[PDB]
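Comments concern the structure below.
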Amino acid sequence: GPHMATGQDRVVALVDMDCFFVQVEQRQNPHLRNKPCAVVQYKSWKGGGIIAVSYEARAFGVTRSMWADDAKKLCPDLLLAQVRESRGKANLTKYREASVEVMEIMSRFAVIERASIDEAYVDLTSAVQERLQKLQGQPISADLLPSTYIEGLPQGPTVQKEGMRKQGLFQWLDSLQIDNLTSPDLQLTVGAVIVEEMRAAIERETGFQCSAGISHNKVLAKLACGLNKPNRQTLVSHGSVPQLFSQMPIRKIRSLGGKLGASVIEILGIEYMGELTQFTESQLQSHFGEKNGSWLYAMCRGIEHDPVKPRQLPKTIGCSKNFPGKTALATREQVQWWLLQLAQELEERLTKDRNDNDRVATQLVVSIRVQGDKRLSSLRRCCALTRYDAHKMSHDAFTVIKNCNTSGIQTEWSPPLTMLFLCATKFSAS
DNA sequence: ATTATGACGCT
DNA sequence: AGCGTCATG
Ligand SMILES: [Mn+2]
Ligand SMILES: [Mn+2]
Ligand SMILES: [Mn+2]
C-alpha cells in the first residue's frame, strides 16, 4: 500500500559507446567510416580474432570472437583494423586513451562510475532536480528528445522506424505530470533530456557516437541502453517493467547470463524475468542464497539499490598474454623473457598512471595457466610492489612462480605455460 | 587457438 | 589471501 518502496528514488543512466574500438579506428582512418569493418588482434592464426564489429558488418553476421578468415566468408568486403603490437603482445593504449576522453566529458555533467573501457553509469538525480527547478513547470518538448525511445510505446488504438519513435514519444509526453517535481516519470524524462545533451557533447567533442539507457537503477539503465542501438537512447519507466519482463529471458539481465541464471531457470522451471514475481523472498533466498534471493525478489519488480560508485578510474592495471598450443613457454629463458615483456608494458602504464592520477600501486598479482588445466587461471600469487621497475617486477614474479616448474631439469619448464598475467593493485594516494 | 582485460563475491 | 564467476572491447 502506501509504504511499499517502489525503487523510483534515483535517476540513473548508462552510456555505452557504439562498437567502440571500431569507432576509434574509423576516426583515425576516414577510409573505414560507414563501411563494414571490424577490429582484430593478431593475424597469423585464422586472420586474427575479432573483438569489435561495425553495425554495417553485423548485418552480414560478423560478431566478436569470430576469426577474421571466417568473418570474410560472411562478408568478403569486410575491412579490418589491427590492434597495435608492442613487445610481442597486443597493446590497447589507443582505446584506453580514447576512453579517458569520453569519461572526462561525461564527468562534467555528473559523477560517473566507469563500468568498462567503453561504458559508464551516471547518477542524474541531483542534475534532474536542478533542471526541473530551472524549468519551473514548463512542459518538455519533443524537440528536446530527438533520439529518445520510450520503451513500451506506442500502444493502444505509419510504417517507418522514426515515425514509431515519435509516436511513442508523443504518447509519453502527452501523459506527463509536468506540475509535480516529485513524479518519477517526469524525473526520468528530464534525465533523458540531460543524456541527450551528454551524448551530443560526446559526439561533438570526440566524433564518437553512443547509445544510452535512462531508468531508476543500474540494471534497468543497462538493459534500456541495449534496446535501441546504435546512436539512440531508451527510457525504461517503472511502469514499463511488467510488460518488458513478461517476455525477457532471464539471461538478459546483468549477472544472470551464466551459471546462476541457468540454475534459476532449471530449479524454478521458468524462462522469463517476470515469472520470478510468483516466488516469495524466502523462497528465492532458499535456492540462491540470502543476497541473490533478496536481489532477485526486488529485481523482478524493477527495483535494485546498487549505487553508482564515484570511480572514473580503473582499480587495477593489468597485462596478460596467452600462449596457446604449440607456443606454450617451455624454457626458463622463455618464461623470463615474456615476464619481462609484460613487466615493461606494466611499468609504462603504471608510470603514466602515477603522473596523471596521483596514486601508486602497492601489490603485484602474478597469474599463470599450465597446459592441461581447464581453468582460466591455474595459480594466482601476490608479492609487494615497491618500485615501478620492470626488471624488479619480472624477477619478483619469477620468484613467486618458479616453484611451479615440476621439471627436474632446471632449464626446462614443465608443464609448459599457456598464460602469463601481471596485475598491479591496491592503489594509494600519492 | 575465443584474447585481453577488469569488477566483484566467496571462504 | 587465493579462487571462482560474470562481463566483452
Ligand atoms: Mn559499446
Ligand atoms: Mn560496453
Ligand atoms: Mn559489445
Side-chain angles (χ1 to χ4, degrees), chain A residues 16-25 38-54 63-71 81-86 89-96 98-99 102 113-121 208 218-219 222 226 251-263 288-292 295 306 309 311 313-328 342 345-346 349 363-369 371 373-384 400 418-427:
Chain A
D16 189 295
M17 313 301 297
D18 301 328
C19 52
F20 181 45
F21 288 17
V22 162
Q23 285 201 87
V24 175
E25 298 294 335
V39 172
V40 78
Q41 49 197 10
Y42 308 117
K43 211 94 172 63
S44 274
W45 192 273
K46 298 205 239 255
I50 289 173
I51 57 170
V53 188
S54 79
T63 69
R64 101 170 253 296
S65 304
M66 197 145 311
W67 295 112
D69 288 347
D70 295 335
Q82 320 182 54
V83 173
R84 172 177 353 131
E85 268 155 272
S86 305
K89 65 179 293 296
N91 190 295
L92 305 176
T93 297
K94 188 196 303 181
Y95 316 104
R96 289 191 185 99
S99 178
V102 170
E113 178 180 346
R114 183 201 200 262
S116 79
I117 195 162
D118 91 314
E119 79 203 55
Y121 296 92
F208 302 144
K218 292 165 64 172
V219 163
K222 178 64 173 164
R251 72 184 171 270
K252 298 301 181 206
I253 295 294
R254 172 144 159 87
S255 81
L256 298 182
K259 291 179 214 191
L260 175 63
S263 68
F288 310 113
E290 223 83 86
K291 190 152 173 233
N292 286 336
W295 182 86
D306 188 34
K309 285 166 135 207
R311 185 183 63 246
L313 308 172
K315 294 189 142 130
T316 60
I317 295 185
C319 294
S320 68
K321 184 168 173 44
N322 289 352
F323 305 91
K326 272 226 169 188
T327 196
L342 283 185
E345 177 184 336
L346 190 58
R349 284 164 66 184
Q363 191 175 268
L364 182 68
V365 175
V366 187
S367 184
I368 73 199
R369 172 153 199 211
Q371 210 156 56
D373 197 322
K374 164 159 182 174
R375 302 172 290 170
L376 167 139
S377 163
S378 302
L379 168 126
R380 189 128 110 120
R381 288 286 200 266
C382 78
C383 73
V400 306
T418 53
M419 185 267 286
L420 291 180
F421 174 16
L422 282 187
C423 193
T425 68
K426 288 136 145 64
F427 284 86

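What's counted below: heavy atoms across the whole structure, side chains too, no hydrogens, waters or symmetry copies. Here is how names work: the chains are called A, B, and so on, in the same order as the sequence lines, proteins then strands, and each is numbered from 1.
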Please tabulate the protein-to-nucleotide N/O contacts below 3.5 Å involving nucleotides 9-11 of chain B, giving atom names and distances.
{"unit_1": "B:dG9", "atom_1": "OP1", "unit_2": "A:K291", "atom_2": "NZ", "d": "3.2"}

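With P as the reference atom, C:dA7 and B:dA1 are 24 Å apart, rounded to whole Å.
Side-chain contact between A:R381 and A:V365 is absent, with no heavy atoms from C-beta onward closer than 4.5 Å.
Residues A:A38 and A:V22 approach most closely at CA-CG2, 4.0 Å, considering heavy atoms. Closest approach of A:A81 and A:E25 over heavy atoms only: CB-CG, 3.7 Å. Of all heavy-atom pairs spanning A:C19 and A:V53, the tightest one is CB-O, 3.3 Å. A:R349 and A:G318 make their closest contact through NH1-O, 2.7 Å (heavy atoms, listed as atom of the first residue, atom of the second, distance). The minimum heavy-atom distance between A:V40 and A:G48, with the atom names listed, is CG2-C, 3.1 Å.
Residue A:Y95 is classed as having no contact, given no heavy-atom separation below 4.0 Å to the nucleic acid. A:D18 comes within contact range of no nucleotide atom at all, as no heavy-atom separation falls under 4.0 Å. Backbone-only contact: A:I253 has heavy atoms under 4.0 Å from sugar-phosphate atoms and none from a base. Residue-level contact check: A:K326 touches neither bases nor backbone, having no heavy atom under 4.0 Å from any strand.
Within the 3.5 Å criterion, the main-chain N or O of A:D18 finds a donor-acceptor partner in the side chain of A:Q23.
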Letter per nucleotide, 5' to 3', of nucleotides 2-7 of chain B [B base touched, S only sugar-phosphate touched, - untouched; heavy atoms, 4.0 Å]: BBSBSS
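Within the model, atoms CG of A:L346 and OG of A:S320 stand 11.0 Å from one another, a figure rounded to the nearest 0.5 Å. With rounding to the nearest 0.5 Å, the separation of CG in A:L342 from NZ in A:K321 is 8.5 Å.
Heavy-atom contacts of chain A under 4.0 Å fall on DNA chain C between two terminal nucleotides, which in 5' to 3' order are C:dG2 to C:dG9.
Between A:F208 and A:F20, the angle of the ring planes goes over 60°, which puts this pair in the perpendicular group of the 30/60° scheme.
No side-chain N or O of A:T425 forms a donor-acceptor pair with one of A:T316 less than 3.5 Å apart.
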